[PDB]
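Taking it in order: structure first as C-alpha cells, then the write-up.
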Amino acid sequence: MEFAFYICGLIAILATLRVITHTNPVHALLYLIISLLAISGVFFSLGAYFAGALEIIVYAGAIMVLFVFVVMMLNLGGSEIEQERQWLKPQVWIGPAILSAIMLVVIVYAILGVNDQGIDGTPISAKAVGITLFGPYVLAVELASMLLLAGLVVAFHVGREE
Amino acid sequence: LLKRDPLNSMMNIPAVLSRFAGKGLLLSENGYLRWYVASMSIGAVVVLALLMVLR
Amino acid sequence: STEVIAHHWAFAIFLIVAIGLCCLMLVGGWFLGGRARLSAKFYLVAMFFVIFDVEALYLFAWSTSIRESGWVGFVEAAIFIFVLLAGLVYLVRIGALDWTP
Amino acid sequence: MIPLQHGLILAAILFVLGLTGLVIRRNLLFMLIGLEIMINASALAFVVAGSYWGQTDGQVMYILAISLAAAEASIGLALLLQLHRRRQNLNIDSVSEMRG
Amino acid sequence: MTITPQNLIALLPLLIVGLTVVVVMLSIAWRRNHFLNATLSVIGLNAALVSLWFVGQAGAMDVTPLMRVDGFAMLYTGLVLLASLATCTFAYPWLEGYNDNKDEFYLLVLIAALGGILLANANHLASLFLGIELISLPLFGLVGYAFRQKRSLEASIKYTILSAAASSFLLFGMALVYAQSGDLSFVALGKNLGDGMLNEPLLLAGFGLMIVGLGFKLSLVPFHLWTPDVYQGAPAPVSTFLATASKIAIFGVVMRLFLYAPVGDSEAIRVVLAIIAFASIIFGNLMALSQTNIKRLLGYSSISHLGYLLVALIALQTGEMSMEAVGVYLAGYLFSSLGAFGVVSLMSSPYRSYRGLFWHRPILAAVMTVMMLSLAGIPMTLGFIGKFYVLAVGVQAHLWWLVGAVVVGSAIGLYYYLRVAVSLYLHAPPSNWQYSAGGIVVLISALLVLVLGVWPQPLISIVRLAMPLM
Ligand SMILES: CCCCCCCCCCCCCCCCCC(=O)OC[C@H](COP(=O)(O)OCCN)OC(=O)CCCCCCCCCCCCCCCCC
Ligand SMILES: CCCCCCCCCCCCCCCCCC(=O)OC[C@H](COP(=O)(O)OCCN)OC(=O)CCCCCCCCCCCCCCCCC
Ligand SMILES: CCCCCCCCCCCCCCCCCC(=O)OC[C@H](COP(=O)(O)OCCN)OC(=O)CCCCCCCCCCCCCCCCC
C-alpha cells in the first residue's frame with residue numbers, strides 16, 4: 001500500500017516536471033494524463049476510492065480529453081512561440097525556479113511541524129460520500145450544480161463560432 | 001532670499017514625494033499577465049514567511 | 001484474509017499480462033516479415049460532455065446510497081435533475097446541440 | 001502507516017510545479033495546464049487531509065474542486081479559442097494593451 | 001444537520017434566486033426576449049428582497065453545517081441584492097447596443113448574486129469556497145461578454161487565469177487548515193489548540209494562502225495588480241458588479257470567518273493583515289494621482305477603500321463596534337460605487353470624457369461629484385460616516401500606523417477625487433424608461449448618501465440590528 005503511494009507520487013512529480021518543461025502540446029497532455037493516473041493511484045492507496053475513480057473518470061477522462069480536443073482543433077505544431085524554447089533559457093526560468101523553491105520550502109517547513117499519527121488507509125466508501133453529500137452538504141450539491149450550469153453558459157457564450 | 005517662499009517648498013516636499021512614489025508604483029502595472037502571476041506568488045512567499053517569522 | 005490479497009495479486013498479474021501481451025504483440029509485428037479549419041461545435045460537444053459528466057458524477061454519488069438518504073435525498077436530487085433538464089432544454093432550444101444548419 | 005506529512009509534501013511539490021509552469025510559459029494553453037495542475041494538487045492535499053481524519057468531507061470538497069476545475073477549464077479553453085480565432089496566436093504577452 | 005420547514009423559511013432568498021435562474025433559463029429556451037427575461041430577473045431579485053422580511057421574522061438559526069442565518073446574513077444578502085438589481089438596471093440600456101445575445105447576462109448576474117447570498121450566509125469552508133467560485137465564474141462570463149473587444153477579452157483572460165490561480169491558492173490553504181484542524185466549521189479553526197499554541201505553522205500557512213486568495217478577491221496589495229485592467233476592460237455594469245457585490249460578499253464572509261475562528265485573534269495574522277492594510281491604502285491611493293481613465297482610477301479607489309475596510313477588520317476582537325463600522329462602511333461604499341459606476345454606465349450606454357459633463361448631463365454630473373465627495377470622506381456624505389467609523393475603531397485598538405495611513409491616503413484620494421469633481425464642471429469640446437430608471441437609481445443613491453451623511457442614525461440603527469450568534 002505504502003510502496004504504491006511513494007511510486008505513484010514519484011511518477012506524478014516526474015510527469016509534472018515533464019509537462020511544465022515540454023515543447024509538444026500532445027506529449028505534454030499525455031504526460032499530464034500519466035500524472036493524473038499516478039495521482040489516482042495516490043487516491044486509491046489512501047482509501048479514497050471515490051476520489052481516484054472520479055480522477056480517472058472526469059479529470060483524466062473528461063477535462064484532459066477536452067484539452068486534447070482543443071489541441072487537435074487548433075492544429076498546434078511548429079509554431080514560432082514553440083520553436084524558440086524561451087522557457088528553457090536559464091535567465092528566464094531562474095527567477096521563478098527559486099521563487100517556487102522558497103515557497104515550497106516554507107510550505108514544507110510549515111507542514112513538517114504538524115502532528116501526525118499516520119493515515120490508516122481505511123477505505124472511505126463512495127456510499128459514505130454519497131450519504132454526506134445529500135446529508136450535511138445538500139446546498140453544496142445544488143449550488144455546485146448551479147456553478148456547473150454557470151460555467152456551461154459562460155463557455156457556450158464565449159465559445160460560439162457564429 | 002525669502003521671496004521664493006522656502007517654507008512653502010519645505011511643505012511641498014511631501015507632494016513631490018507622493019508623485020514620485022506613485023509614478024514608481026505605476027511601474028508594476030505593465031499589463032503583463034505573467035508578471036501578475038509572478039507578483040501573486042511573490043506576495044504568497046512574503047505573506048507566508050512573515051507568518052512563520054512572527055509565529 | 002488471504003482472499004483479498006489473492007484478488008489483489010490476480011488484478012496485478014491481469015494488468016501486467018494484458019499490457020505485456022499487447023507489448024510483445026507489437027514487438028512481434030515489428031520484428032517479423034521482410035521490408036522493401038474545424039468548427040467550434042466540437043469544443044461545444046466536449047464541453048457539454050464534461051459538464052454533464054460532473055453532474056453525472058453527482059448523481060453517481062447519489063444513486064449508491066438512495067435508501068438511507070430518505071425522501072429528503074429524493075427531493076434534493078429531484079431539484080438537481082430538474083436543474084439539469086432545464087439546462088439541457090435551454091441548450092437544445094437555442095441551437096447549441098444542433099450540428100446541422 | 002502512511003504519514004499525512006508525506007502526502008502534503010507531494011501535493012505542495014505538485015502545486016509549486018504547476019505554479020512554475022503557469023509563470024514561465026507564455027503560451028496560454030500551458031498556463032491553463034498549470035492551473036489544472038495546481039487545482040488538482042490542492043484537491044490531492046484535501047483528499048490526504050480527509051483520509052488522515054477518516055472523514056468524507058475531504059472527498060466532498062474534492063468533488064467540488066473538480067467541478068470547479070472542469071468549469072474553469074471549459075471557460076479558459078473557450079477564451080483560448082476566442083484568442084486563437086481573432087488574433088491567430090496564443091502569445092499571452094500580446095494581450096498587454098491595458099497598462100498604467 | 002437535516003432540513004426543517006423553518007430552515008427552508010430561513011433560505012427564501014437562496015431558493016427564490018435559484019428558481020429565478022431556472023425560470024429565466026426556461027424562458028430563454030422558450031424565446032429570446034430581452035425585456036421579459038430582464039423583468040423576470042429583477043422580479044426574482046425583488047422577491048428575494050421582500051422575502052428577507054420573512055427571514056427576519058424567522059430568526060437566526062443554522063441551516064446545515066454549511067450555513068448560518070443571522071443579522072449580517074440578511075444585511076449582506078440585501079446589499080448584494082441591491083447591487084445586482086442596480087447592475088441589471090444599468091446593463092439593460094447598455095445591452096440595447098449589443099448585436100449578439102443579451103439574455104445570458106441576467107442569468108450570470110442572478111448566479112453571481114446567488115453566490116453572494118451564499119457568501120452572506122456562509123458558516124463553513126465549503127460554502128465560502130463555493131460562494132467565491134459562484135461569484136467568480138459568472139464574472140468571468142460578464143467581464144468578457146463583449147469578447148470581440150480587445151479590452152474585454154483581455155480583461156476576461158487576465159481575471160480568469162488569475163482567479164483560477166487564487167482559487168487554487170485558497171483551496172490549498174483550506175486543505176492545510178483542514179489537515180491541522182480536522183473540522184471545516186468556522187468555530188473550530190483553532191479549537192484544538194490551547195495554552196498559547198495558536199500560532200501553529202500549518203494553520204498559519206493555510207490561513208496565509210487563504211489571505212492570498214481573498215486579497216486577490218478584495219484587491220489587496222500585493223494581489224491587486226489585476227484591478228485597474230479588469231475594471232477598465234469589463235463592461236460598466238459588470239465593473240459596477242465587481243466593485244460592489246463581489247467585494248461586499250467576500251468581505252462579509254471574511255469578517256465572519258475572522259470573528260468566528262479562534263485563530264482569528266492570532267497576533268501573526270493580525271500583523272500580516274496590518275501590513276497588507278497599510279500597503280493597500282498607500283498603494284491604492286498612490287497609483288491614482290495620474291490616471292486619466294476613470295475606471296482604473298476607481299479600481300485603485302477600490303483598493304484603498306478595501307484597505308480601510310481591512311483596517312476596520314483588524315480591530316474586530318479588541319474593539320466592540322468594529323463589525324458595526326464594517327457594515328456602515330460597506331453600505332456607504334456600496335451606494336457611492338453604485339452611483340459613480342452608474343454614471344459611467346449611462347455615458348457608456350448604449351453599446352457601440354467626463355470633462356464638461358455638467359453642460360449636457362447636469363444631473364449625472366452633480367450626482368457624480370456627490371459620489372466622488374462621498375468616496376473622499378467629505379462630510380454630509382455616508383463615506384465620511386464610514387471613514388469616521390474606521391477612525392474610531394482605529395483609536396479603539398490603538399492601530400496608530402493604520403490611522404496615519406488612513407489620514408495620508410485620505411489626503412491623496414481627496415486630491416484626485418477633487419480633480420475629477422471639478423473637471424466635471426469645466427468646458428470641453430437614452431430616450432427610454434430604462435435609461436430613466438438607471439438615472440433614478442443613481443439619483444436615489446445620491447440622495448441616500450447625502451441624507452445618511454447629514455442624518456446617519458437610521459443606517460446606524462439598522463446595522464446595529466445586525467448582531468450575530470455570540
Ligand atoms: C515495479 C517498479 C516500477 C515500474 C514502473 C512503474 C509502473 C507503474 C507503477 C505504479 C502502479 C503500480 C504500483 C504498485 C501496486 C502494487 C499493489 C499494492 O500496493 O497493493 C497494496 C494495496 C492493496 O489495496 P488495500 O486493500 O489497501 O490493501 C492493503 C494491504 N492490506 O494497494 C492499494 O491500496 C493501492 C494500489 C495502487 C493504486 C491502484 C493502481 C494505480 C495504478 C496507477 C498507474 C499510473 C501510471 C503508471 C505509468 C508507469 C510508466 C510511466
Ligand atoms: C419592484 C418591487 C420593489 C419592492 C421594494 C424594494 C425595495 C425595498 C426592499 C425592502 C426590504 C426589507 C428588508 C427587511 C429586513 C428586516 C426584517 C425584519 O423584520 O427584521 C427584524 C429583525 C429583528 O426583529 P425581531 O423580531 O426582534 O428579531 C428577534 C427574533 N430572533 O431584524 C434583524 O434580524 C436584522 C434587520 C436588518 C437586516 C438588514 C436589512 C435589510 C437589508 C438593507 C440593505 C440596505 C441598507 C442601507 C439603506 C438604508 C436606508 C434607510
Ligand atoms: C506640521 C507638519 C505635521 C502635520 C501635518 C498635517 C497635514 C496638513 C498640513 C500639511 C499639508 C501638506 C500638503 C502638501 C501638498 C498640497 C497639495 C498640492 O500641492 O497639490 C498640488 C500638487 C500638484 O501640483 P503641480 O506642481 O502642478 O504638479 C503637477 C501634477 N501633474 O499635487 C501633488 O503634488 C500631489 C498631491 C497629493 C496629495 C497631497 C499630499 C499629501 C501628503 C500627506 C500629508 C499628511 C502629512 C504628512 C507629513 C507632513 C510633514 C511632517
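As shown in the C-alpha cells, the chain order sets the letters A, B, ...; within each chain, residues go from 1, and ligands are also counted from 1 in the order they appear.
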- Task: Collect all residues with atoms no farther than 8 Å from ligand 3, counting only C-alpha atoms and all ligand atoms, and output them as a VMD selection string.
- Result: (chain B and resid 11 to 19) or (chain E and resid 289 to 290 407 to 409 411 to 416)
- Item | Interface list for chain D, partner chain A, 7 Å threshold, only C-alpha atoms, as a ChimeraX atom specification | /D:1-5,9-10,12-14,16-17,20-21,23-25,51-52,56,59-60,64,67,70-72,74-75,78-79,81-82
Interface residues on chain E facing chain C, 12 Å, only C-alpha atoms, written as a short mmCIF file (atom, residue, chain, number, x, y, z; two decimals) with N, CA and C atoms, in the first residue's frame:
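The resulting file, part32.cif, is reproduced below:
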```
data_model
loop_
_atom_site.label_atom_id
_atom_site.label_comp_id
_atom_site.auth_asym_id
_atom_site.auth_seq_id
_atom_site.Cartn_x
_atom_site.Cartn_y
_atom_site.Cartn_z
N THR E 2 -30.07 18.08 9.29
CA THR E 2 -31.07 17.90 8.25
C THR E 2 -31.75 19.24 7.96
N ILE E 3 -32.82 19.22 7.18
CA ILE E 3 -33.54 20.42 6.79
C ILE E 3 -34.97 20.33 7.33
N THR E 4 -35.37 21.35 8.08
CA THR E 4 -36.70 21.56 8.61
C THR E 4 -37.44 22.59 7.77
N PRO E 5 -38.78 22.62 7.84
CA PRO E 5 -39.52 23.67 7.12
C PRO E 5 -39.16 25.09 7.54
N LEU E 15 -33.45 30.18 -2.40
CA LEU E 15 -34.36 29.38 -3.21
C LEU E 15 -35.07 30.23 -4.25
N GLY E 18 -32.46 30.97 -7.03
CA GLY E 18 -32.24 29.79 -7.86
C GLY E 18 -33.43 29.45 -8.75
N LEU E 19 -34.65 29.60 -8.21
CA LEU E 19 -35.85 29.45 -9.01
C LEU E 19 -35.92 30.51 -10.10
N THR E 20 -35.41 31.71 -9.83
CA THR E 20 -35.36 32.75 -10.86
C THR E 20 -34.40 32.37 -11.98
N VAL E 21 -33.24 31.79 -11.65
CA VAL E 21 -32.34 31.29 -12.70
C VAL E 21 -33.02 30.22 -13.54
N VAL E 22 -33.72 29.29 -12.88
CA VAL E 22 -34.41 28.23 -13.62
C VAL E 22 -35.49 28.81 -14.53
N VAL E 23 -36.28 29.76 -14.01
CA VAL E 23 -37.38 30.35 -14.76
C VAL E 23 -36.87 31.17 -15.94
N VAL E 24 -35.82 31.98 -15.72
CA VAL E 24 -35.27 32.80 -16.79
C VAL E 24 -34.63 31.92 -17.86
N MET E 25 -33.95 30.84 -17.45
CA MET E 25 -33.36 29.92 -18.42
C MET E 25 -34.42 29.22 -19.25
N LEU E 26 -35.51 28.78 -18.62
CA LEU E 26 -36.59 28.16 -19.37
C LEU E 26 -37.31 29.18 -20.27
N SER E 27 -37.33 30.45 -19.86
CA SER E 27 -37.92 31.48 -20.71
C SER E 27 -37.06 31.76 -21.93
N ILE E 28 -35.73 31.77 -21.76
CA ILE E 28 -34.82 31.90 -22.90
C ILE E 28 -34.95 30.69 -23.81
N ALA E 29 -35.15 29.51 -23.22
CA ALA E 29 -35.41 28.31 -24.01
C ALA E 29 -36.71 28.43 -24.80
N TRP E 30 -37.71 29.10 -24.22
CA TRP E 30 -38.94 29.37 -24.95
C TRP E 30 -38.68 30.34 -26.10
N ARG E 31 -38.19 31.54 -25.78
CA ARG E 31 -37.93 32.56 -26.78
C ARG E 31 -36.99 33.60 -26.19
N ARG E 32 -36.05 34.07 -27.00
CA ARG E 32 -35.08 35.08 -26.56
C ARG E 32 -35.77 36.44 -26.52
N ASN E 101 -26.37 37.91 -28.50
CA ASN E 101 -27.33 37.50 -27.48
C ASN E 101 -27.12 38.28 -26.19
N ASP E 103 -29.50 37.80 -23.32
CA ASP E 103 -30.26 37.24 -22.21
C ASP E 103 -29.41 36.46 -21.22
N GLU E 104 -28.21 36.04 -21.62
CA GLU E 104 -27.34 35.30 -20.71
C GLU E 104 -26.74 36.19 -19.63
N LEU E 107 -28.81 35.96 -16.51
CA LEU E 107 -28.58 34.64 -15.93
C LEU E 107 -27.30 34.64 -15.11
#
```
- Apply DSSP to the backbone of this structure and, from range 10-157 of chain A, keep only the residues in helix (DSSP H, G or I); write these as a ChimeraX atom specification. /A:10-20,25-45,49-74,80-83,86-88,90-112,126-133,138-157
Check every protein, DNA and RNA residue against ligand 1, keep those with an atom at most 6 Å away (counting only C-alpha atoms and all ligand atoms), and present them as a short mmCIF file (atom, residue, chain, number, x, y, z; two decimals) with N, CA and C atoms, in the first residue's frame.
```cif
data_model
loop_
_atom_site.label_atom_id
_atom_site.label_comp_id
_atom_site.auth_asym_id
_atom_site.auth_seq_id
_atom_site.Cartn_x
_atom_site.Cartn_y
_atom_site.Cartn_z
N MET A 1 0.83 -1.20 0.00
CA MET A 1 0.00 0.00 0.00
C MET A 1 0.87 1.25 0.00
N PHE A 3 4.18 1.40 -0.63
CA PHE A 3 5.12 1.39 -1.75
C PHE A 3 4.45 1.91 -3.03
N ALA A 4 3.19 1.54 -3.23
CA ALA A 4 2.41 2.09 -4.34
C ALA A 4 2.25 3.60 -4.20
N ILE A 7 5.66 5.24 -5.09
CA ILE A 7 5.96 5.08 -6.51
C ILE A 7 5.06 5.97 -7.36
N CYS A 8 3.76 6.02 -7.05
CA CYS A 8 2.85 6.87 -7.81
C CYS A 8 3.13 8.35 -7.56
N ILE A 34 -0.60 10.76 -17.58
CA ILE A 34 0.19 9.85 -16.75
C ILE A 34 0.24 10.34 -15.31
N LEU A 37 -3.17 9.67 -13.69
CA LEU A 37 -3.29 8.26 -13.32
C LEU A 37 -2.48 7.97 -12.07
N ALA A 38 -1.29 8.56 -11.96
CA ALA A 38 -0.48 8.41 -10.76
C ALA A 38 -1.17 9.01 -9.53
N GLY A 41 -3.67 6.82 -8.36
CA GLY A 41 -3.03 5.79 -7.57
C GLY A 41 -2.77 6.23 -6.14
N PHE A 44 -6.14 5.98 -4.42
CA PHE A 44 -6.54 4.62 -4.09
C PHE A 44 -5.70 4.05 -2.95
N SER A 45 -4.43 4.46 -2.84
CA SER A 45 -3.58 3.92 -1.78
C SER A 45 -3.95 4.47 -0.40
#
```
- Kindly give the distance, in Å, that separates CA of residue 64 in chain E and CA of residue 251 in chain E, rounded to a single decimal.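 About the pair CA of residue 64 in chain E and CA of residue 251 in chain E: they are 22.2 Å apart.
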- Item | d(CA of residue 142 in chain A, CA of residue 170 in chain E) in Å |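 So the two atoms, CA of residue 142 in chain A and CA of residue 170 in chain E, lie 21.9 Å apart.
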- Shell around range 260-262 of chain E at 12 Å using only C-alpha atoms, local window under 3 positions removed, as a ChimeraX atom specification: /E:68,122-125,177,181,183-194,196-199,203,207,253-257,265-267,269,316-317,468-470
Name the residues, by chain letter and number, that sit within 6 Å of ligand 2 using only C-alpha atoms and all ligand atoms, and give them as a PDB file with N, CA and C atoms, in the first residue's frame.
```pdb
ATOM      1  N   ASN E  46     -36.200  41.180  -6.553  1.00  0.00           N
ATOM      2  CA  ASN E  46     -37.081  41.929  -5.664  1.00  0.00           C
ATOM      3  C   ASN E  46     -37.902  41.008  -4.769  1.00  0.00           C
ATOM      4  N   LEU E  49     -35.634  40.137  -2.032  1.00  0.00           N
ATOM      5  CA  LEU E  49     -35.521  41.295  -1.150  1.00  0.00           C
ATOM      6  C   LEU E  49     -36.742  41.431  -0.246  1.00  0.00           C
ATOM      7  N   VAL E  50     -37.930  41.134  -0.775  1.00  0.00           N
ATOM      8  CA  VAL E  50     -39.144  41.173   0.035  1.00  0.00           C
ATOM      9  C   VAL E  50     -39.153  40.028   1.043  1.00  0.00           C
ATOM     10  N   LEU E  52     -36.750  38.670   2.459  1.00  0.00           N
ATOM     11  CA  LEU E  52     -35.867  38.979   3.582  1.00  0.00           C
ATOM     12  C   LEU E  52     -36.647  39.361   4.839  1.00  0.00           C
ATOM     13  N   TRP E  53     -37.832  39.962   4.684  1.00  0.00           N
ATOM     14  CA  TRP E  53     -38.686  40.256   5.834  1.00  0.00           C
ATOM     15  C   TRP E  53     -39.131  38.976   6.539  1.00  0.00           C
ATOM     16  N   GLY E  56     -36.289  37.558   8.394  1.00  0.00           N
ATOM     17  CA  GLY E  56     -36.116  38.279   9.645  1.00  0.00           C
ATOM     18  C   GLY E  56     -37.122  37.872  10.704  1.00  0.00           C
ATOM     19  N   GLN E  57     -38.366  37.614  10.292  1.00  0.00           N
ATOM     20  CA  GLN E  57     -39.358  37.099  11.232  1.00  0.00           C
ATOM     21  C   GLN E  57     -39.014  35.692  11.706  1.00  0.00           C
ATOM     22  N   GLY E  59     -35.998  34.441  12.431  1.00  0.00           N
ATOM     23  CA  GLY E  59     -34.964  34.459  13.447  1.00  0.00           C
ATOM     24  C   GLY E  59     -33.665  33.860  12.944  1.00  0.00           C
ATOM     25  N   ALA E  60     -32.664  33.902  13.817  1.00  0.00           N
ATOM     26  CA  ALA E  60     -31.328  33.426  13.488  1.00  0.00           C
ATOM     27  C   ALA E  60     -31.212  31.940  13.798  1.00  0.00           C
ATOM     28  N   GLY E  71     -27.993  38.290  11.601  1.00  0.00           N
ATOM     29  CA  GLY E  71     -28.196  39.669  11.175  1.00  0.00           C
ATOM     30  C   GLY E  71     -27.390  40.067   9.949  1.00  0.00           C
ATOM     31  N   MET E  74     -28.696  38.565   6.619  1.00  0.00           N
ATOM     32  CA  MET E  74     -29.696  39.425   5.993  1.00  0.00           C
ATOM     33  C   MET E  74     -29.084  40.696   5.419  1.00  0.00           C
ATOM     34  N   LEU E  75     -28.162  41.327   6.154  1.00  0.00           N
ATOM     35  CA  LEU E  75     -27.614  42.612   5.720  1.00  0.00           C
ATOM     36  C   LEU E  75     -26.809  42.471   4.432  1.00  0.00           C
ATOM     37  N   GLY E  78     -29.043  41.532   1.505  1.00  0.00           N
ATOM     38  CA  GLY E  78     -29.730  42.696   0.975  1.00  0.00           C
ATOM     39  C   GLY E  78     -28.823  43.593   0.160  1.00  0.00           C
ATOM     40  N   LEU E  79     -27.587  43.803   0.631  1.00  0.00           N
ATOM     41  CA  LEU E  79     -26.639  44.632  -0.113  1.00  0.00           C
ATOM     42  C   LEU E  79     -26.309  44.020  -1.470  1.00  0.00           C
ATOM     43  N   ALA E 331     -22.122  49.696   3.425  1.00  0.00           N
ATOM     44  CA  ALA E 331     -23.326  50.309   2.866  1.00  0.00           C
ATOM     45  C   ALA E 331     -23.004  51.616   2.143  1.00  0.00           C
ATOM     46  N   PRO E 458     -30.497  56.427  11.211  1.00  0.00           N
ATOM     47  CA  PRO E 458     -31.242  55.230  10.767  1.00  0.00           C
ATOM     48  C   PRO E 458     -30.372  54.098  10.246  1.00  0.00           C
ATOM     49  N   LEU E 459     -29.324  54.407   9.476  1.00  0.00           N
ATOM     50  CA  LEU E 459     -28.434  53.356   8.994  1.00  0.00           C
ATOM     51  C   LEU E 459     -27.659  52.721  10.141  1.00  0.00           C
ATOM     52  N   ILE E 462     -30.008  50.385  11.859  1.00  0.00           N
ATOM     53  CA  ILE E 462     -30.239  49.207  11.024  1.00  0.00           C
ATOM     54  C   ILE E 462     -29.058  48.245  11.111  1.00  0.00           C
ATOM     55  N   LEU E 465     -28.904  46.532  14.405  1.00  0.00           N
ATOM     56  CA  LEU E 465     -29.843  45.418  14.495  1.00  0.00           C
ATOM     57  C   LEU E 465     -29.223  44.113  14.001  1.00  0.00           C
ATOM     58  N   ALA E 466     -28.165  44.193  13.193  1.00  0.00           N
ATOM     59  CA  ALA E 466     -27.489  43.011  12.658  1.00  0.00           C
ATOM     60  C   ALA E 466     -26.401  42.560  13.631  1.00  0.00           C
TER      61      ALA E 466
END
```
- Counting only C-alpha atoms, which residues of chain C come no farther than 7 Å from chain A, as a VMD selection string? chain C and resid 38 to 40 43 to 44 46 to 47 50 to 51 53 to 55 61 to 62 64 to 65 69 73 80 87
- Which residues come within 12 Å of residue 384 in chain E, counting only C-alpha atoms, excluding same-chain residues fewer than 5 positions away, as a PyMOL selection string? chain E and resi 325+328-329+331-333+336+370-379+389-391+410+414+449-450+452-456
Just write the chosen residues, C-alpha atoms, as a tab-separated table (two decimals), in the first residue's frame.
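Dumped to again_14.tsv:
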```
chain	number	residue	atom	x	y	z
E	325	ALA	CA	-18.29	50.01	11.42
E	328	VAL	CA	-21.85	51.09	7.79
E	329	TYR	CA	-18.73	51.47	5.62
E	331	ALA	CA	-23.33	50.31	2.87
E	332	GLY	CA	-21.84	53.74	2.14
E	333	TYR	CA	-19.22	52.32	-0.22
E	336	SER	CA	-21.06	55.61	-3.66
E	370	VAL	CA	-21.53	63.94	-4.89
E	371	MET	CA	-20.32	60.33	-5.03
E	372	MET	CA	-16.70	61.47	-5.50
E	373	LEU	CA	-17.05	63.65	-2.40
E	374	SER	CA	-18.50	60.60	-0.65
E	375	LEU	CA	-15.51	58.46	-1.60
E	376	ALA	CA	-13.18	61.15	-0.20
E	377	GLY	CA	-14.73	61.08	3.27
E	378	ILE	CA	-16.07	64.62	2.85
E	379	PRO	CA	-18.81	65.37	5.44
E	389	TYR	CA	-16.28	54.72	11.97
E	390	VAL	CA	-12.97	53.33	10.67
E	391	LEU	CA	-11.01	56.03	12.51
E	410	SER	CA	-7.46	60.18	2.57
E	414	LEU	CA	-9.15	63.52	-1.80
E	449	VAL	CA	-25.68	59.27	0.59
E	450	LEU	CA	-26.45	62.94	1.33
E	452	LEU	CA	-27.38	59.49	5.61
E	453	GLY	CA	-24.36	61.75	5.78
E	454	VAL	CA	-26.39	64.53	7.37
E	455	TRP	CA	-28.56	62.07	9.36
E	456	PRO	CA	-26.68	58.76	9.78
```
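Relative to CA of residue 241 in chain E, CA of residue 108 in chain E is found at 11.2 Å.
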